[PDB]
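Letters A, B, C, D and E mark the chains in the order given here, with residues in each chain numbered from 1 onward.
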Amino acid sequence: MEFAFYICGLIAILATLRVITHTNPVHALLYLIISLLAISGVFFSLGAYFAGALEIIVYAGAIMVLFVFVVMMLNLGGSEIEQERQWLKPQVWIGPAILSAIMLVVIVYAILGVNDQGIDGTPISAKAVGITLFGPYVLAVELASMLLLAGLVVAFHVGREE
Amino acid sequence: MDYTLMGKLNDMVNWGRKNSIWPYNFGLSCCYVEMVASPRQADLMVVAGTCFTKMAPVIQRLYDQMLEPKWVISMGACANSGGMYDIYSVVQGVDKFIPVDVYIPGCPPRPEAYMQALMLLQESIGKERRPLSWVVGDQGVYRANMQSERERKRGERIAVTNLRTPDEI
Amino acid sequence: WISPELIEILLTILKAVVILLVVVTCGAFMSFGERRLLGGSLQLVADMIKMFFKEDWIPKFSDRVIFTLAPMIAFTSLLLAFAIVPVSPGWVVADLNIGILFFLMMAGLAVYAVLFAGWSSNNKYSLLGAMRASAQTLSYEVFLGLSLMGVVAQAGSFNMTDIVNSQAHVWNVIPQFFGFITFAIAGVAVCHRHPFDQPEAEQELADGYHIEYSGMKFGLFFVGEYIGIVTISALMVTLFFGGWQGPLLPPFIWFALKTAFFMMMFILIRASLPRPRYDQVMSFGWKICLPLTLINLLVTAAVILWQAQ
Amino acid sequence: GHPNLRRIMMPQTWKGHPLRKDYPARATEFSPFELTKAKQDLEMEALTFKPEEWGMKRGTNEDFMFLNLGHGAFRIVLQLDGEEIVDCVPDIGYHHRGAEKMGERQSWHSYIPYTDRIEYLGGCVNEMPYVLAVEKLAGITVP
Amino acid sequence: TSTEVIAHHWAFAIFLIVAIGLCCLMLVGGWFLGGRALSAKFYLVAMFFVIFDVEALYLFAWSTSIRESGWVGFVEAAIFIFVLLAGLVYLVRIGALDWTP
């Protein structure tokens, strides 16, 4: 239950590292789906079963389908960027990578030194998440519906063809 | 028997190819509507009609889209040789430009003639040797020079004496 | 090296692999049954030999990874979605607490087969046709889950064996008739079955995504298609028709009889019910089936909370 | 004054007019050379489609799309506003057998099978007007 | 840490591994053997699927605990479902979901 967590975390890290340093959009989305599967494996290794279930049902099964759908619709076949590839020349990526490494080392220094009994991995089932969702989190559910309705309206208003 | 340019599995492969044949029926002309799958999935091409000069390229391209192993059956005198249309706009035979494995005379042949051609093709497939893999062994196709059908059936054809007279149905 | 935990885990491994081989062989047998009704095992073996030894050709202007990955998805998605179905007491592959949620993950991954095949088939018409097909499958996967959620509400949990045990007295086809018909429609839509076989037939600027797939990848698509309807029928049995529960026959016999009956019913409505239009399919889905699932879930919740003393 | 006087039976790159009396009826030698040219122009036809070599107009408005469609096999070029047909020209001549030229090269008796193979579903219906016209030429009244 | 749960874990692992290995090995056998020689309504329907799938996941969480939430949870989910149906009716009526205008 720990070996699965470490191997899935390593797979997720390597997959998003390949995502941010790739040029083909479909390959980037495929490696992104691979990392989402890995992070769902991370969730299942921790006992958050419902989180992994919604990770593959929705994140790697609805949102990334929309990203792939848009990629095929706009038909990116080397529109002046696949022939340039600025993110491989060092003057574009060394600076932001240095800044990100500094932020990572600051956050990691914050993480260490914090008391840790370990993660038990006890399965928090979907019925407990459902009880909490419609119990002490009622307005969160109703206004998450309101938020998704707002997103529906704005995405229709922008993206319609006419 | 002679052939033209470790053993039991070859017979197994031949049996599998022989019993599973997926046709691509080329319409072309009236042999098609007598006798009645993408070309990528089909392994047998049945040319049934006149090879016109305007759609010889269509036949050539749809033959080139198919994948090895591929066999060709030519039904009808038009696809055999040009038939009765020795004329400017007709290619005199589909074997001018694609290799044909079985030929059927007739204008049109019966559907049972196409069944007989399928049996002939099945025997031809069963008695040939092809490479098992593209990395091991000879990468050559060994077609067998089979006994001709008109010399095989010569004795019973010559032995015919009397037929029914044409004044009855 | 003799101990009965090792013996037990080897028996469960044997049960899982036996289930897997029976599923793949029943899918191949259904492929031949549909080919024949519209030695037989010798003809299937000869077909498999032809697909093995024909050359697997990849287009030069096509991505190799996506083209190779689409039939693997089309097979493995519902072939792994079968793993939650209990075919007999003690003969279930995995007793997951997510269950039909795991089935929903596999359906959501199954849409990627159509999308990937359409993109890797370097053709505008094939891309448009597969994009219409993926739009239809999304439009029916939008309510597949809720059509199952009615039964989850009645059983009270996501586990498969719990649903089967709640189907001890009355099978949920009788209370959840609308959930049953919506699940049947969405399952027949997800696996690309008739009526919704080829949505590109309504327009000549679109072509099928099965084209340019030749030989063994085409065979992967075919066997995965029939395996997908194997597991759709088995899930319909275990969610609406008692699973393995019956009065006289042994439980596996009852499950097999129900699954075979739904198999022939799917063959029959391939053979009988004709073709609707594409906009008719979209309108029917988005304007009938999703509100039907919502109203059925509300009525199910009201009935459940009414019958709670 | 004809709007588009192009070839309808022969391909556009055809030399000579086959029904003239100095044009030979019989088939010339086959060439893989010309065959691969005709194949390569059939492969590049969609790329180099010029919609006035067909009588079309307003070619790419720019919402209009030109397609080719595949009772016999023939092509028809379609001009579309979305899914509505604005104009279409059917490309025929893919089934041209030179039957009238064969009429000039068979005897009156031995041309009868060729009359059968025009409108192949007809058979004797296609046989009938030919023998009726030959019998008009021959001064024959049949019983 | 019972023998039944570890037996089921190993059985599920063997099922997944043998299934993916069977598909991969059969593709490998196919490749190795044998000789050689757009419209924006699609975005609209995918977007609607995404949004309605997230509201579906909310109902997924609700349905497994209908008994424990009581009538108050029924009222909350009825408000949720009514908002969802109002959005669906809005999309249908203003022509977002009409495929042939």
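To be clear about the criterion, contacts are C-beta pairs under 8 Å (C-beta built on N, C-alpha and C of every residue); 3 or more make two chains touch, one makes a residue touch a chain.
Participant: By the touch rule set out at the top, what is the minimum number of steps from chain D to chain E?
Facilitator: 2
Participant: Looking across all chain pairs, point out the one with the most C-beta pairs in contact.
Facilitator: Top-ranked chain pair by contact count is C-E.
Participant: Which chain's mean C-alpha position is nearest the mean C-alpha position of the whole protein set?
Facilitator: Checking distances from each chain centre to the full centroid gives C.
Participant: If you take the mean of the Cα atoms for each chain, which one ends up farthest from chain A?
Facilitator: D
Participant: How big is the gap, in whole Å, between where the Cα atoms of chain A centre and where those of chain B centre?
Facilitator: Here chain A and chain B have centroids separated by 57 Å.
Participant: Quick one: chain A and chain D, Cα centre-to-centre, how many Å?
Facilitator: Roughly 60 Å separates the two chain centres.
Participant: Can you compute the centre-to-centre distance for chain A and chain E, using the mean CA position of each chain? Integer Å is fine.
Facilitator: About 17 Å separates the centre of chain A from that of chain E.
Participant: Once you find the CA centre of chain C and the CA centre of chain D, what distance in Å lies between them?
Facilitator: Spacing between the chain centres: roughly 50 Å.
Participant: Which residues of chain B are in contact with two or more other chains?
Facilitator: 67-69, 132, 134
Participant: Identify all positions of chain A at which a residue touches two or more other chains, and write them in rising order.
Facilitator: 50, 57-58, 61-62, 65, 69, 72-73, 126-127
Participant: Scan chain C for residues touching two or more other chains and write them down.
Facilitator: Only 52-55, 101, 131, 138, 145, 157-158, 215 qualify.
Participant: Go through the chains and record each pair that touches.
Facilitator: A-C, A-E, B-C, B-D, B-E, C-D, C-E
Participant: Note which residues of chain A are touching chain C in the complex, please.
Facilitator: 24, 26-27, 30, 33, 49-50, 53, 56-58, 60-62, 65, 68-69, 72-73, 123, 125-127
Participant: Where on chain E does chain C make contact in their complex?
Facilitator: 3-4, 6-8, 10-12, 14-16, 18-20, 22-24, 26-27, 29-31, 33-38, 42, 45-46, 48-49, 52-53, 56, 59-60, 63-67, 70-71, 74, 77-78, 81, 84-85, 88, 92, 97-100
Participant: State the interface residues of chain C toward chain A in the complex, per the touch definition above.
Facilitator: 63, 65-66, 69, 97-98, 101-102, 104-105, 107-109, 111-112, 115, 118-119, 127, 131, 134, 138, 145, 157-158
Participant: What residues of chain B sit close enough to touch chain C in their complex?
Facilitator: Residues 12-13, 15-20, 38, 40-41, 43, 67-69, 132, 134 of chain B touch chain C in their complex.
Participant: What does chain B use to touch chain E in their complex?
Facilitator: Touching chain E: residues 67-69, 130-135, 139, 141 of chain B.
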